[PDB]
Each structure stands twice: as structure tokens, then as C-alpha cells.
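Visitor: File follows, start-v5.cif with mmCIF, C-alpha atoms and all ligand atoms:
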data_target
loop_
_atom_site.label_atom_id
_atom_site.label_comp_id
_atom_site.auth_asym_id
_atom_site.auth_seq_id
_atom_site.Cartn_x
_atom_site.Cartn_y
_atom_site.Cartn_z
CA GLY A 1 6.22 -23.96 4.88
CA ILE A 2 6.01 -21.22 2.29
CA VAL A 3 4.03 -18.75 4.50
CA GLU A 4 6.61 -19.12 7.31
CA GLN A 5 9.60 -19.02 4.91
CA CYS A 6 8.18 -16.17 2.78
CA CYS A 7 5.70 -14.07 4.65
CA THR A 8 6.32 -14.57 8.40
CA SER A 9 10.00 -14.73 7.71
CA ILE A 10 11.74 -13.42 4.55
CA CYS A 11 12.62 -15.35 1.42
CA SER A 12 14.51 -15.08 -1.88
CA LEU A 13 13.23 -15.57 -5.43
CA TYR A 14 15.31 -18.75 -5.57
CA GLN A 15 13.49 -20.08 -2.43
CA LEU A 16 10.12 -19.31 -4.00
CA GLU A 17 11.12 -21.72 -6.75
CA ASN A 18 11.00 -24.40 -4.05
CA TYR A 19 7.24 -24.23 -4.62
CA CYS A 20 7.26 -24.63 -8.38
CA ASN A 21 5.92 -27.89 -9.79
CA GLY B 1 13.15 -1.10 -24.27
CA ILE B 2 12.51 -3.39 -21.26
CA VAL B 3 8.94 -2.14 -20.98
CA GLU B 4 7.98 -2.91 -24.61
CA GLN B 5 10.12 -6.04 -24.77
CA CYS B 6 8.41 -7.76 -21.78
CA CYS B 7 5.05 -6.83 -23.24
CA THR B 8 5.70 -7.45 -27.05
CA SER B 9 7.89 -10.53 -26.69
CA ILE B 10 9.30 -11.95 -23.46
CA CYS B 11 11.37 -10.91 -20.63
CA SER B 12 13.78 -12.60 -18.17
CA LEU B 13 13.85 -11.75 -14.46
CA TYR B 14 17.59 -11.26 -15.09
CA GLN B 15 16.96 -8.48 -17.67
CA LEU B 16 14.54 -6.76 -15.20
CA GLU B 17 17.33 -6.95 -12.65
CA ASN B 18 19.25 -4.41 -14.80
CA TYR B 19 16.55 -1.92 -13.76
CA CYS B 20 17.13 -2.14 -10.05
CA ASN B 21 18.81 0.92 -8.57
CA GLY C 1 -6.99 -26.64 -18.89
CA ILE C 2 -8.31 -24.20 -16.25
CA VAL C 3 -5.51 -21.76 -16.99
CA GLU C 4 -6.18 -21.54 -20.76
CA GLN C 5 -9.94 -21.85 -20.36
CA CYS C 6 -10.27 -18.80 -18.03
CA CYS C 7 -8.06 -16.84 -20.38
CA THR C 8 -9.38 -18.09 -23.85
CA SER C 9 -13.06 -18.32 -22.93
CA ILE C 10 -14.56 -17.95 -19.46
CA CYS C 11 -14.27 -19.43 -16.13
CA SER C 12 -16.58 -19.96 -13.11
CA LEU C 13 -15.41 -19.45 -9.52
CA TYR C 14 -16.81 -22.97 -9.02
CA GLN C 15 -14.40 -24.48 -11.61
CA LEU C 16 -11.47 -22.65 -9.93
CA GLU C 17 -12.62 -24.21 -6.68
CA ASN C 18 -11.57 -27.60 -8.12
CA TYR C 19 -8.00 -26.29 -7.86
CA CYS C 20 -8.00 -25.68 -4.15
CA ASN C 21 -5.93 -28.18 -2.18
CA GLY D 1 -20.08 -2.04 6.49
CA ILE D 2 -17.91 -3.89 4.01
CA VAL D 3 -14.54 -2.85 5.59
CA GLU D 4 -15.73 -4.07 9.03
CA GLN D 5 -17.34 -7.25 7.60
CA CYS D 6 -14.45 -8.02 5.22
CA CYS D 7 -11.22 -6.48 6.32
CA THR D 8 -11.48 -5.76 10.08
CA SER D 9 -13.44 -8.93 10.49
CA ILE D 10 -13.50 -11.85 8.00
CA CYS D 11 -15.99 -12.48 5.23
CA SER D 12 -17.06 -15.06 2.63
CA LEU D 13 -17.32 -14.69 -1.15
CA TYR D 14 -21.10 -14.91 -0.75
CA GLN D 15 -21.02 -11.92 1.70
CA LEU D 16 -18.96 -9.90 -0.77
CA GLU D 17 -21.87 -10.29 -3.15
CA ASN D 18 -23.82 -8.18 -0.67
CA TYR D 19 -21.97 -5.27 -2.30
CA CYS D 20 -22.80 -6.10 -5.90
CA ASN D 21 -25.20 -3.76 -7.71
CA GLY E 1 -19.16 3.97 -20.15
CA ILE E 2 -16.08 4.58 -17.96
CA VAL E 3 -15.36 0.87 -17.81
CA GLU E 4 -15.32 0.32 -21.59
CA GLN E 5 -13.77 3.71 -22.31
CA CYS E 6 -10.66 3.12 -20.13
CA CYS E 7 -10.28 -0.30 -21.69
CA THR E 8 -11.18 0.49 -25.41
CA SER E 9 -9.54 3.91 -25.61
CA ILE E 10 -8.08 5.90 -22.73
CA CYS E 11 -9.09 7.26 -19.49
CA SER E 12 -8.10 10.24 -17.29
CA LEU E 13 -7.76 9.97 -13.50
CA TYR E 14 -10.11 12.98 -13.50
CA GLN E 15 -12.89 11.02 -15.31
CA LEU E 16 -12.46 8.13 -12.80
CA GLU E 17 -12.87 10.71 -10.06
CA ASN E 18 -16.51 11.10 -11.21
CA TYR E 19 -17.01 7.56 -9.89
CA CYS E 20 -16.02 8.25 -6.34
CA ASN E 21 -18.93 8.26 -3.90
CA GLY F 1 11.65 9.63 0.81
CA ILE F 2 8.70 8.07 -0.97
CA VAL F 3 8.22 5.18 1.55
CA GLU F 4 8.14 7.67 4.46
CA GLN F 5 5.94 10.18 2.56
CA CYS F 6 3.61 7.52 1.11
CA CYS F 7 3.58 4.37 3.14
CA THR F 8 4.80 5.23 6.67
CA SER F 9 3.00 8.51 6.43
CA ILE F 10 0.17 9.33 3.97
CA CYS F 11 0.45 10.97 0.58
CA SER F 12 -1.63 12.42 -2.27
CA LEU F 13 -1.65 11.46 -5.96
CA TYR F 14 -0.02 14.82 -6.67
CA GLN F 15 2.86 13.95 -4.25
CA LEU F 16 3.34 10.60 -5.97
CA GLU F 17 4.08 12.58 -9.11
CA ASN F 18 7.15 13.84 -7.26
CA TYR F 19 8.61 10.45 -8.22
CA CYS F 20 7.84 10.59 -11.92
CA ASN F 21 10.78 10.98 -14.29
CA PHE G 1 -21.13 -15.22 -8.66
CA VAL G 2 -20.49 -14.28 -12.28
CA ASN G 3 -18.21 -15.99 -14.76
CA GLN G 4 -14.68 -14.83 -15.12
CA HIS G 5 -12.20 -14.01 -17.81
CA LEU G 6 -8.84 -14.46 -16.13
CA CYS G 7 -5.42 -14.29 -17.68
CA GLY G 8 -1.91 -14.47 -16.22
CA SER G 9 -1.52 -13.60 -12.54
CA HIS G 10 -5.27 -12.62 -12.36
CA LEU G 11 -5.97 -16.31 -12.46
CA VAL G 12 -3.67 -16.96 -9.47
CA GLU G 13 -5.38 -14.00 -7.76
CA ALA G 14 -8.84 -15.54 -8.29
CA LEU G 15 -7.45 -18.90 -7.21
CA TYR G 16 -6.02 -17.24 -4.03
CA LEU G 17 -9.45 -15.69 -3.24
CA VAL G 18 -11.36 -18.86 -3.95
CA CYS G 19 -9.09 -21.25 -2.07
CA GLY G 20 -7.86 -19.09 0.76
CA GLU G 21 -6.47 -21.24 3.56
CA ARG G 22 -6.44 -24.53 1.59
CA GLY G 23 -4.42 -22.81 -1.13
CA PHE G 24 -4.34 -24.35 -4.55
CA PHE G 25 -2.25 -25.69 -7.36
CA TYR G 26 -1.65 -23.48 -10.37
CA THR G 27 -1.03 -25.79 -13.26
CA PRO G 28 -0.86 -24.33 -16.83
CA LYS G 29 -0.40 -26.33 -20.06
CA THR G 30 3.28 -26.24 -21.13
CA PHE H 1 18.27 -10.43 -6.13
CA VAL H 2 16.60 -9.73 -2.73
CA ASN H 3 14.57 -11.18 0.20
CA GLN H 4 11.28 -9.38 1.03
CA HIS H 5 8.16 -10.32 3.04
CA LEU H 6 5.71 -12.00 0.71
CA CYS H 7 2.25 -12.52 2.11
CA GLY H 8 -1.07 -13.71 0.83
CA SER H 9 -2.00 -12.59 -2.70
CA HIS H 10 1.49 -11.05 -3.12
CA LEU H 11 3.08 -14.42 -2.28
CA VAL H 12 1.12 -16.17 -5.09
CA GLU H 13 1.94 -13.26 -7.48
CA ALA H 14 5.60 -13.89 -6.77
CA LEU H 15 5.20 -17.64 -7.19
CA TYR H 16 3.47 -16.89 -10.47
CA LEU H 17 6.41 -14.76 -11.59
CA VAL H 18 9.11 -17.22 -10.48
CA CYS H 19 7.39 -20.47 -11.55
CA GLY H 20 5.27 -19.40 -14.41
CA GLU H 21 4.73 -22.20 -16.80
CA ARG H 22 6.13 -24.74 -14.37
CA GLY H 23 3.24 -23.76 -12.16
CA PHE H 24 3.24 -24.07 -8.42
CA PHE H 25 1.48 -25.22 -5.34
CA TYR H 26 0.35 -22.64 -2.84
CA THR H 27 -0.07 -24.73 0.30
CA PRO H 28 -0.45 -22.38 3.31
CA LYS H 29 -1.25 -25.38 5.62
CA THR H 30 2.25 -26.51 4.62
CA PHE I 1 13.27 -18.79 -13.22
CA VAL I 2 11.13 -18.77 -16.36
CA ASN I 3 10.76 -16.00 -18.91
CA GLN I 4 8.03 -13.49 -18.49
CA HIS I 5 5.39 -11.77 -20.54
CA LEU I 6 4.68 -8.58 -18.64
CA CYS I 7 2.48 -5.71 -19.65
CA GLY I 8 1.40 -2.52 -17.87
CA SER I 9 1.57 -2.53 -14.06
CA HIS I 10 2.57 -6.27 -14.10
CA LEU I 11 5.95 -5.10 -15.26
CA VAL I 12 6.28 -2.71 -12.29
CA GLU I 13 5.12 -5.60 -10.08
CA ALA I 14 7.87 -7.89 -11.42
CA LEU I 15 10.32 -5.02 -11.11
CA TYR I 16 9.20 -4.51 -7.45
CA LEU I 17 9.75 -8.24 -6.72
CA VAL I 18 13.08 -8.39 -8.47
CA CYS I 19 14.55 -5.20 -7.02
CA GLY I 20 13.01 -5.12 -3.59
CA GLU I 21 14.96 -2.80 -1.31
CA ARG I 22 17.10 -1.22 -4.07
CA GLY I 23 13.93 -0.35 -5.95
CA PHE I 24 14.18 0.40 -9.62
CA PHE I 25 13.49 2.82 -12.41
CA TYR I 26 10.49 2.20 -14.62
CA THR I 27 11.29 3.81 -17.92
CA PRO I 28 8.94 3.18 -20.93
CA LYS I 29 9.45 4.48 -24.49
CA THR I 30 7.33 7.63 -25.03
CA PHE J 1 -15.29 -21.56 -0.24
CA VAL J 2 -13.47 -19.62 2.54
CA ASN J 3 -13.42 -16.44 4.71
CA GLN J 4 -10.20 -14.36 4.59
CA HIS J 5 -9.30 -10.78 5.58
CA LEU J 6 -9.90 -8.53 2.60
CA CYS J 7 -8.56 -5.03 2.92
CA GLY J 8 -8.20 -2.03 0.70
CA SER J 9 -7.23 -2.73 -2.92
CA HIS J 10 -7.57 -6.49 -2.28
CA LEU J 11 -11.15 -5.96 -1.08
CA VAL J 12 -12.11 -4.21 -4.37
CA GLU J 13 -10.25 -6.95 -6.36
CA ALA J 14 -12.43 -9.51 -4.62
CA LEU J 15 -15.58 -7.46 -5.22
CA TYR J 16 -14.52 -7.26 -8.85
CA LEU J 17 -14.18 -11.03 -9.01
CA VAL J 18 -17.46 -11.80 -7.22
CA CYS J 19 -19.62 -9.06 -8.81
CA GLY J 20 -18.05 -8.57 -12.14
CA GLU J 21 -20.54 -7.39 -14.64
CA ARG J 22 -23.12 -6.69 -11.96
CA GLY J 23 -20.62 -4.17 -10.68
CA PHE J 24 -20.43 -3.03 -7.10
CA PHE J 25 -20.22 -0.18 -4.70
CA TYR J 26 -17.12 0.17 -2.58
CA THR J 27 -18.36 2.36 0.26
CA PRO J 28 -15.75 2.33 3.07
CA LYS J 29 -17.71 5.06 4.98
CA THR J 30 -20.46 2.43 5.03
CA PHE K 1 -1.26 12.90 -14.26
CA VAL K 2 -1.20 10.96 -17.52
CA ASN K 3 -4.07 9.23 -19.26
CA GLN K 4 -4.75 5.64 -18.54
CA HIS K 5 -5.54 2.45 -20.38
CA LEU K 6 -7.31 0.32 -17.80
CA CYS K 7 -8.96 -3.02 -18.28
CA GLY K 8 -10.58 -5.47 -15.87
CA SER K 9 -9.55 -5.25 -12.21
CA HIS K 10 -6.91 -2.55 -13.11
CA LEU K 11 -9.82 -0.19 -13.49
CA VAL K 12 -11.09 -1.00 -9.98
CA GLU K 13 -7.50 -0.57 -8.77
CA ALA K 14 -7.28 2.92 -10.32
CA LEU K 15 -10.73 3.68 -8.96
CA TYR K 16 -9.56 2.53 -5.46
CA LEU K 17 -6.50 4.84 -5.68
CA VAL K 18 -8.46 7.78 -6.98
CA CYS K 19 -11.37 7.55 -4.57
CA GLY K 20 -9.71 6.23 -1.46
CA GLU K 21 -11.90 6.86 1.58
CA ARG K 22 -15.03 7.90 -0.37
CA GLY K 23 -14.81 4.67 -2.34
CA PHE K 24 -16.62 4.44 -5.62
CA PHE K 25 -19.13 2.61 -7.73
CA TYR K 26 -17.85 0.24 -10.38
CA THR K 27 -20.52 0.09 -13.01
CA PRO K 28 -19.78 -1.71 -16.34
CA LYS K 29 -22.14 -1.98 -19.34
CA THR K 30 -23.92 -5.37 -19.28
CA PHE L 1 -8.50 13.35 -4.64
CA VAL L 2 -7.31 11.63 -1.40
CA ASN L 3 -4.29 10.62 0.75
CA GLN L 4 -4.00 6.89 1.62
CA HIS L 5 -1.17 4.66 2.91
CA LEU L 6 0.70 3.29 -0.07
CA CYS L 7 3.17 0.55 0.70
CA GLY L 8 5.35 -1.80 -1.25
CA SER L 9 3.83 -3.23 -4.45
CA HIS L 10 0.78 -0.94 -4.01
CA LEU L 11 3.08 2.10 -3.90
CA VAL L 12 4.65 1.18 -7.29
CA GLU L 13 1.13 0.43 -8.71
CA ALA L 14 0.14 3.96 -7.74
CA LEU L 15 3.34 5.42 -9.18
CA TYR L 16 2.56 3.48 -12.34
CA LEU L 17 -0.92 4.99 -12.48
CA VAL L 18 0.18 8.56 -11.74
CA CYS L 19 3.39 8.62 -13.83
CA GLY L 20 2.66 6.19 -16.55
CA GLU L 21 4.55 7.02 -19.64
CA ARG L 22 6.72 9.54 -17.82
CA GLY L 23 7.90 6.57 -15.81
CA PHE L 24 9.26 6.81 -12.31
CA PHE L 25 11.94 5.89 -9.89
CA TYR L 26 11.05 3.70 -6.95
CA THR L 27 13.90 4.42 -4.55
CA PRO L 28 13.00 3.00 -1.11
CA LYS L 29 16.55 3.81 0.21
CA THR L 30 15.55 7.40 -0.61
CL CL A 101 -3.58 -8.40 -18.38
CL CL A 102 -1.02 -5.65 2.08
ZN ZN A 103 -3.57 -7.40 -15.77
ZN ZN A 104 -1.42 -5.92 -0.70
#
What is this file in C-alpha cells?
Guide:
Amino acid sequence: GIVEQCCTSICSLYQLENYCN
Amino acid sequence: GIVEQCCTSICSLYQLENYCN
Amino acid sequence: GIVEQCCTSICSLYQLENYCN
Amino acid sequence: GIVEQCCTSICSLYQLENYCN
Amino acid sequence: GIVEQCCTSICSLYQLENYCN
Amino acid sequence: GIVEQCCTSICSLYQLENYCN
Amino acid sequence: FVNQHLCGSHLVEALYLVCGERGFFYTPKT
Amino acid sequence: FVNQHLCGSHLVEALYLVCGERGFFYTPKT
Amino acid sequence: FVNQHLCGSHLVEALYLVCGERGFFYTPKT
Amino acid sequence: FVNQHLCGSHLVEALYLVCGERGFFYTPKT
Amino acid sequence: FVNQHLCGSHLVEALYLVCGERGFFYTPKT
Amino acid sequence: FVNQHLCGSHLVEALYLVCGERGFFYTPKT
């Protein structure tokens, strides 16, 4: 999930939107 | 400028992106 | 809601704890 | 102390109160 | 005190340095 | 540069001024 | 614990602290 | 933009920035 | 992305996020 | 609540949250 | 260094920076 | 004062504190 996508791995600002409501 | 504008009104991520080197 | 209430008045850690998954 | 309890090791919110005045 | 003074007026790093242990 | 001076290595507050405009 | 006055990202901060591993949902009005 | 490593309280800061008023779920269990 | 209201160090924060590896210049009026 | 790793500036954030108006000592030497 | 306008946890932040290893005492009025 | 490790968003916080109204360049490429 987000921690793997964004912390463990790297992620874009657009990916972080994946987690918007 | 960007600084005042984000703080006095509002501010798009896209405007901030003008301030990347 | 929680968001406005912490920022317009005040806000207990215990109320915030309702917002944990 | 706090750095060992809270950073090196893990600590609770209640433990962090230990360091309130 | 320091707390209110930084937040109600302004605050030098040098004043804050009085609050180091 | 700054990341080497300040993150990789350690730096002072006075050194961080090096990066003021 | 004392009561909080939390605005903007400082709310999400406090939420992060409070919720830790469970995480949380940040849900403002409009 | 970019991709950086976003962990913990910094992750939720970033979510706050990106999502804002849409709000978000921080669900570290996944 | 949503529009932002960013004051003080929260601007530099958002700038850090947005710019990442390129970094940025923080340049206020006076 | 939870137990997380709280280091450096994040530690003192958390102390700020928990203690608030009681205030706190951050004494890393111990 | 320039003068600061520091409210809430941004004070504790600045205090953290300034004091580093010595740490500090955060002591508000009431 | 002190020397600490200042990385990423914390680095730019610190630059913000030190520089303030002078502003700064964060240029991680160097
Ligand atoms: Cl604020
Ligand atoms: Cl970190
Ligand atoms: Zn703030
Ligand atoms: Zn951090």
C-alpha cells in the first residue's frame, strides 16, 4: 500500500492522490 | 509574490513548481 | 467536524482517536 | 532517557507525558 | 514569556538559545 | 553542497546561512 | 493529555501521532 | 514533479498537501 | 491536486515536496 | 493509543502535543 | 540570523534546532 | 549553538529559520 509505494519505495505526487477520498 | 500569495490567498502546486531549480 | 473543531475551538487527543482506522 | 525510551526504543503517548513539566 | 513573545511579536534565535539546557 | 555539509555530514546554524540569498 | 488547537497539517500530524500503525482518515468539511 | 521517499509524518504531510480538502486515508496496514 | 493555503515554513515544506531533487528558491518579499 | 519511534524534531512535536501548556523538558543527554 | 515569528509547535521546532544536543525546556504561560 | 544532521524537509525548515526573509536556495544537486 501507500507505505510500500511511497516510503519503502518512491512515489509521485500524482500517486499520492491515489489516497485522497 | 509566491510567498505572500500562498499565505494571503491561495496557491497551486503548479505555481510552486515555478520555484523549483 | 474534527478538522474545523480542532482549528476553530479545541480538540482532545481522545476525539482525534475516533479518526484512527 | 527520552531518546532511548522514545526514539531508540518505542514509546507511548502516556510515556511522553513523563517529560511534561 | 518566550513562547508568547515569539508568537505575539518576534523572537531572536539568540533569545531561544536561553532555553537550551 | 548543502546536503553533504548538513545532512550527510553535520553543520552549524551559521553554515546554513551560507545558503541564504 | 491536554487539549489541542490544531489547524492545517498540524491536525494530520496529531492524527499521525495518535493513530500510528492503524493510521486514520482525514476528512475536512468541503 | 518528482518522486521522493515519503515516510511516516512526512507521508501524511504530503497527503495533506496533495489531497487537502478532498481529505485522505492514511492506512499503513494497507 | 487542490489549491493550497501555505504560510511560513509550510510553504518551504510544500516547495520541498514539489521540487524534490531539483530543490527550489524560497524568495519572500522583504 | 500506540507506540511509534519518535526521534529528533518529531519527538519534540509529540512532546508538544502531549504536554502542551504544561510544557516539557527535552533533555537528550538524559 | 533573522528574527522569528514562531507559534505553536514551530517554536519547539526552532528550539530543537537551536539547542540540538543540550535540548531545552519549553515553558509557556498557563 | 550546535551542529546536527539536517536532512530533507528538516534541512529546508532550518534554512527557513536561519534565512527567513533573506530567503534561500535549496539546491540538493549542489
Ligand atoms: Cl499554522
Ligand atoms: Cl526523518
Ligand atoms: Zn504551522
Ligand atoms: Zn522527519
Visitor: When you get a sec, could you note down which chain C residues fall within 7 Å of chain G, using all atoms listed in the file, as a ChimeraX atom specification?
Guide: /C:1,3,6-7,9-13,16-17,19-21
Visitor: Would you compute the box with edges along x, y and z of the file around stretch 1-16 of chain I, including every atom the file lists for it and 6 Å extra on each side, and give its centre and edge lengths in Å to one decimal, as JSON?
Guide:
{"center_x": 7.3, "center_y": -10.7, "center_z": -14.0, "size_x": 23.9, "size_y": 28.3, "size_z": 25.1}
Visitor: First superpose chain G onto chain H using a least-squares fit over all Cα atoms taken in order; then report the RMSD in Å.
Guide: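 Once chain G is fitted onto chain H, the C-alpha RMSD works out to 1.4 Å.
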Visitor: Separation of atom CL of ligand CL 101 (chain A) and atom CA of residue C:4, in Å?
Guide: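 Rounded to one decimal, the two atoms are 13.6 Å apart.
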Visitor: Figure out the distance between atom CL of ligand CL 101 (chain A) and atom CA of residue D:18, please, to one decimal in Å.
Guide: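 One can read the atom CA of residue D:18 to atom CL of ligand CL 101 (chain A) distance as 26.9 Å.
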Visitor: If you measure from atom CA of residue C:14 to atom ZN of ligand ZN 104 (chain A), what distance in Å do you get, rounded to one decimal?
Guide: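 These two atoms are separated by 24.4 Å.
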